[PDB]
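Engineer:
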Amino acid sequence: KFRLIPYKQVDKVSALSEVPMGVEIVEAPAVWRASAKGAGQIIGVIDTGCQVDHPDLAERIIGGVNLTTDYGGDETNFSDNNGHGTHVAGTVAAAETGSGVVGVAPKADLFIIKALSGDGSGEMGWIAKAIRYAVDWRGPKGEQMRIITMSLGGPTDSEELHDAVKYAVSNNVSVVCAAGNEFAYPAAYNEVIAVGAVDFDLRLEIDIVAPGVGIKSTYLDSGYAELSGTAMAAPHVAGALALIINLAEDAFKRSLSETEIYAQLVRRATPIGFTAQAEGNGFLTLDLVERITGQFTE
Amino acid sequence: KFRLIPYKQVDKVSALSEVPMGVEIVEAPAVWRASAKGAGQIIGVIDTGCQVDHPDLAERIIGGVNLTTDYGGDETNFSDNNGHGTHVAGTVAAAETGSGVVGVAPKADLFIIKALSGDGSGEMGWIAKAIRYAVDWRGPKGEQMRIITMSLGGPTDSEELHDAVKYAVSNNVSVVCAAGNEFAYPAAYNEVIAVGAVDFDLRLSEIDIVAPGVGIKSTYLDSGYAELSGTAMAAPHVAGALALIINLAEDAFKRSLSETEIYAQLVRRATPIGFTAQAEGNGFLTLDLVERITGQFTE
Ligand code: NA
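Residue numbers (our numbering), protein chains in the order written: chain A, 2 to 299; chain B, 1112 to 1410.
1. What number of angstroms, rounded off, separates the C-alpha of B:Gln1389 from the C-alpha of B:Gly1341?
2. According to the neighbour-count rule (16 or more other Cβ atoms, all chains shown, within 10 Å of its Cβ), is B:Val1121 buried or exposed?
3. Which residues of chain B have a Cβ atom closer than 8 Å to the Cβ of A:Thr286, listed in chain order?
4. Where does B:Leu1339 fall in DSSP's three states?
5. Using the three-state DSSP reduction, which class does B:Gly1160 fall into: helix, strand or coil?
6. Extract the residue ranges of the alpha helix (DSSP H) inside the region 1351-1396 of chain B, only unbroken runs of 4 or more that lie entirely within it.
7. Give the interface partners of A:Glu25 over in chain B, defined as CB-CB distance under 9 Å, in chain order.
8. Within the 8 Å Cβ cut-off, does A:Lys2 reach chain C?
9. Just to confirm my understanding: we take A:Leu244, look at its own chain, exclude 5 residues before and 5 after, and list those with CB closer than 6 Å. What are they?
10. Tell me which same chain residues have a C-beta within less than 7 Å of the C-beta of A:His55, skipping the five on either side of it?
11. Which same chain residues end up closer than 6 Å to A:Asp251 when comparing Cβ atoms and leaving out the 5 residues on each side of it in sequence?
12. Quick check: the Cα distance between A:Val267 and A:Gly197, rounded to an integer number of angstroms?
13. For residue 1416 of chain B, which residues from the same chain have a beta carbon less than 7 Å from its beta carbon, with the 5 sequence-adjacent residues on both sides left out?
14. Does DSSP put A:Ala135 in a helix, in a strand, or in coil?
15. Which whole-angstrom value is the C-beta distance of B:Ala1241 and B:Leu1221, which I expect to be below 8 Å?
16. Helix, strand or coil for B:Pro1140 per DSSP?
17. Using a Cβ-Cβ cut-off of less than 8 Å, list which residues of the region 1339-1367 of chain B approach chain A; keep chain order.
18. Out of A:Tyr8, A:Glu124, A:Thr92, A:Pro30, state which residue places its alpha-carbon closest to the alpha-carbon of A:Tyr225.
19. Compare the beta carbon distance of B:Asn1192 and B:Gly1229 with 8 Å and say whether it is the shorter of the two.
20. Which of the three DSSP states, helix, strand or coil, is assigned to A:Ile43?
21. Please report the Cβ distance between A:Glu206 and A:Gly215, rounded to the nearest whole angstrom; I am assuming they are in contact, meaning their Cβ atoms lie under 8 Å.
22. Near A:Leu289, which residues of its chain fall below 6 Å by C-beta distance, leaving aside the five closest residues on each side in sequence?
23. Using a Cβ-Cβ distance under 8 Å, would A:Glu206 count as near chain B?
24. Please write down, chain order preserved, every residue whose beta carbon lies under 6 Å from a heavy atom of ligand 1.
25. Counting only C-beta atoms, is B:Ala1388 closer than 8 Å to chain A at any point?
26. Along chain B, in chain order, which residues have C-beta atoms closer than 9 Å to that of A:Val267?
27. Can you look up A:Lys9 in the DSSP assignment and give me helix, strand or coil?
28. At a CB distance below 9 Å, what residues from the region 1302-1330 of chain B approach chain A? Give them in sequence order.
29. Looking at C-beta atoms only, is the number of pairs between the region 166-181 of chain A and the region 232-249 of chain A that lie closer than 8 Å three or more?
30. State the start and end residues of the unbroken beta strand (DSSP E) segment that holds B:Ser1285.
31. Going by Cα to Cα distance, which pick from B:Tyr1278, B:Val1212, B:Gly1194 is closest to B:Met1132?
32. According to DSSP, is A:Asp120 helix, strand or coil?
33. Around the Cβ of A:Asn67, are there at least 16 other Cβ atoms within 10 angstroms (buried) or fewer (exposed)?
34. Contact defined as beta carbons within less than 8 Å: I believe B:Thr1371 pairs with A:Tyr263. What is the distance between those atoms, to the nearest angstrom?
35. What are the partner residues of residue 1096 of chain B, as DSSP defines its beta bridges?
36. Check whether chain B comes within 8 Å of A:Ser100, counting only Cβ atoms and requiring the distance to be less than that.
Right, here's the structure in full:
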């Protein structure tokens, strides 16, 4: 079956007051004015649920679903039973309460999808439904999700998963996945944005790399944990794309295809100097575009 | 009709011997080693023909087709009765013969598609076919085009032409296209790569990228050269660059790359100049930008 990619649980803390370095190393501040801290965008978080009422999240969350047999499965109850969904949702979109933590898109909303049970597992139908479900949800304003993220890997290349992948990518949904540690799909899907990881010193088939070592975020019981692993990189990109859609679309005065946004993600990627099989397009440096604008060698 | 995006003739010559500033201002040569100068990539030129026996091009051409009524039309006579097509061919892949002129990818091969007549006009039909021929054409060794370049337009939104554009892209073929100076289609199709123009001063006079379009010299009728200015002269620099991009990037990635990822591989080698997103899309083609940004983190 399909699982949560494995990771070290470096620390559980009760109360933090910082911008997790992951966030600011990727240069999310620099770009928050232009992207409205991501306001307007809805990241669909496909994981283990969430602490709906967690103090950093609750106001960034607009609904969700539960495709897992857990608790019921009562469709209307996706409140986390693991702490991943939480940690992840927090990296993508923790708000500026003047407290705790704040993620890459402290303004993008979240739609919580729980296709993963408390042990971490999921059946593949649950995850293919997770993605399809991402695509089709429209809120009260008919508002829509354009970004989807998972930190899961399956060995079983099924058609059904792929039909959904292409279905999501076919309608302007960016689908973001952490690149496995066996743990291959959906990440080995060429249409998916596959994220691998580096630490803060920028040491380590993928598209980009983002931070994954010693990253703090939300955890269960209004808690906080610090996680090291390959699954922690992806959520930084999901967040990032939220700020990329706002800032791109504003610039081109026009809506953009996800192929055009994939473009836009990868140009906010600086290479580190490992070859491209090792680092894809590079490290996510959000502000790259401004730094290089006026620049030519004579 | 669909037609050549109008443009200026400046000079005709018989003798030139230079690397055109377009070629190196775009930084082809600084990425030739890594790219093998496009070796093994084929660009299909959908235009007015080409002069297959031209000294700078002969060795770059592999085949072509004529889908026009000119010359019979004997499908096997994709020669050029305008001059524009020979010019385009030139900027894409003119060869290094140590004289005359040299293109952006001097080791890419060129498959020539006449879909335009002497006066630069062709029929809405001829281009939709041109695009499917370029997609479906395989070689003696089953080799193919990953690149299509046209620098024509037409006022009509037909599903036939939009289907062909869709068909290329979904089969990993990059549609490169001069955007407009009435000439709205293909360039206005979201899935195409629209190329505006800037001059050598990186000035200008719905786009993805921009390249040089002012006073660009290239091959031209009768084994000669000519200097042309206009939006349509930008495009071939992009078409020839993607040859180099596919090569270097697939080789640094160790993996085949789809057109989508090839498109991104192109945008990320565009330097904004300071103009608006609408005036310059992602910016001017600077092929070497990645190596230049490679180590560069802030603090
Ligand atoms: Na907060």
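A virtual CB, placed ideally from N, CA and C, is assigned to each residue, including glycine.
Structural biologist: On the basis of the coordinates in this document:
1. Translated into positions along the second sequence, residue 1389 of chain B becomes position 278. Translated into positions along the second sequence, residue 1341 of chain B becomes position 230. Rounded to whole angstroms, B:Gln1389 to B:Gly1341 spans 18 Å at the Cα level.
2. Against the second sequence, residue 1121 of chain B aligns to sequence position 10. Label assigned to B:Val1121: exposed.
3. Here residue 286 of chain A is taken as the residue at index 285 of the first sequence, counted from 1. The contacting residues are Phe1408, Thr1409.
4. What you label residue 1339 of chain B is simply residue 228 of the second sequence in a count that begins at 1. B:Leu1339: strand per DSSP, three-state reduction.
5. Taking the second sequence and counting its residues from 1, one reaches residue 1160 of chain B at position 49. Note: B:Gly1160 maps to coil in three-state DSSP.
6. 1370-1378, 1388-1391
7. On the first sequence, position 24 is the one that residue 25 of chain A refers to. Correct list: empty, because the minimum Cβ distance to chain B is about 11 Å.
8. The structure shown contains no chain C; its protein chains are A and B.
9. Taking the first residue of the first sequence as 1, we reach residue 244 of chain A at position 243. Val32, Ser36, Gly39, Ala106.
10. Here the question's residue 55 of chain A lines up with position 54 in the first sequence. These residues qualify, in order along the chain: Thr87, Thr219, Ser223.
11. Numbered from its first residue, the first sequence carries residue 251 of chain A at position 250. Closer than 6 Å at the Cβ level, and outside the excluded window around A:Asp251, lies no residue.
12. Against the first sequence, residue 267 of chain A aligns to sequence position 266. Against the first sequence, residue 197 of chain A aligns to sequence position 196. The alpha-carbon atoms of A:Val267 and A:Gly197 are separated by roughly 14 Å.
13. Past the edges of chain B, shown from 1112 to 1410, lies residue 1416 of chain B, and the structure says nothing about it.
14. Position 134 of the first sequence, counted from the first residue, corresponds to residue 135 of chain A. Of the three classes helix, strand and coil, the one that applies to A:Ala135 here is helix, per DSSP.
15. For the purposes of this step, residue 1241 of chain B is taken as the residue at position 130 of the second sequence. For the purposes of this step, residue 1221 of chain B is taken as the residue at position 110 of the second sequence. Contact doesn't hold; Cβ gap of about 14 Å is too wide.
16. Translated into positions along the second sequence, residue 1140 of chain B becomes position 29. Correct three-state label for B:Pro1140: helix.
17. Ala1360, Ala1363, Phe1364, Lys1365, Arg1366
18. Indexing the first sequence from 1 puts residue 225 of chain A at position 224. If we check each option's Cα against that of A:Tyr225, A:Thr92 comes out closest.
19. One-based indexing of the second sequence puts residue 1192 of chain B at position 81. One-based indexing of the second sequence puts residue 1229 of chain B at position 118. Their beta carbons are under 8 Å apart, which means B:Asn1192 touches B:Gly1229 by this criterion.
20. Here residue 43 of chain A refers to the residue found at position 42 when the first sequence is read from its first residue. A:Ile43: strand per DSSP, three-state reduction.
21. As a first step, residue 206 of chain A must be located in the first sequence, where it is residue number 205. As a first step, residue 215 of chain A must be located in the first sequence, where it is residue number 214. The pair is not a contact, with the Cβ atoms about 26 Å apart (cut-off 8 Å).
22. Here residue 289 of chain A corresponds to residue number 288 of the first sequence, with the count starting at 1. Answer for A:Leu289: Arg269, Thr271, listed in chain order.
23. Walking along the first sequence from the start, residue 206 of chain A turns up at place 205. Yes, because at least one Cβ of chain B sits closer than 8 Å to the Cβ of A:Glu206.
24. A:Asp57, A:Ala95, A:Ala96, A:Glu97, A:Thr98, A:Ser100, A:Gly101, A:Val102, A:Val103
25. Walking along the second sequence from the start, residue 1388 of chain B turns up at place 277. Chain A, which has a Cβ nearer than 8 Å to the Cβ of B:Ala1388, makes this yes.
26. Reading the first sequence from its first residue, position 266 is the one you call residue 267 of chain A. Result: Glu1372, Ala1375, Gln1376, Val1378, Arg1379.
27. Numbered from 1 along the first sequence, position 8 holds the residue referred to as residue 9 of chain A. Three-state result, A:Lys9: strand.
28. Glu1302, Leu1313, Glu1317, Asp1319
29. yes
30. On the second sequence, position 174 is the one that residue 1285 of chain B refers to. Element bounds for B:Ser1285: 1285-1289.
31. Numbered from 1 along the second sequence, position 21 holds the residue referred to as residue 1132 of chain B. The residue with the shortest Cα to Cα distance from B:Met1132 is B:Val1212.
32. In the first sequence, counting from the first residue as 1, residue 120 of chain A sits at position 119. Correct three-state label for A:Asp120: coil.
33. Counted from its first residue, the first sequence places residue 67 of chain A at position 66. Under this definition A:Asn67 is a buried residue.
34. Stepping through the second sequence from its first residue, residue 1371 of chain B is reached at position 260. Stepping through the first sequence from its first residue, residue 263 of chain A is reached at position 262. Going by Cβ atoms, the distance from B:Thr1371 to A:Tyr263 rounds to 6 Å, so yes, they are a contact pair.
35. Chain B is shown from 1112 up to 1410; residue 1096 of chain B falls before or after that span and cannot be answered.
36. The count along the first sequence starts at 1 and reaches residue 100 of chain A at position 99. It does not; no Cβ of chain B falls within 8 Å.
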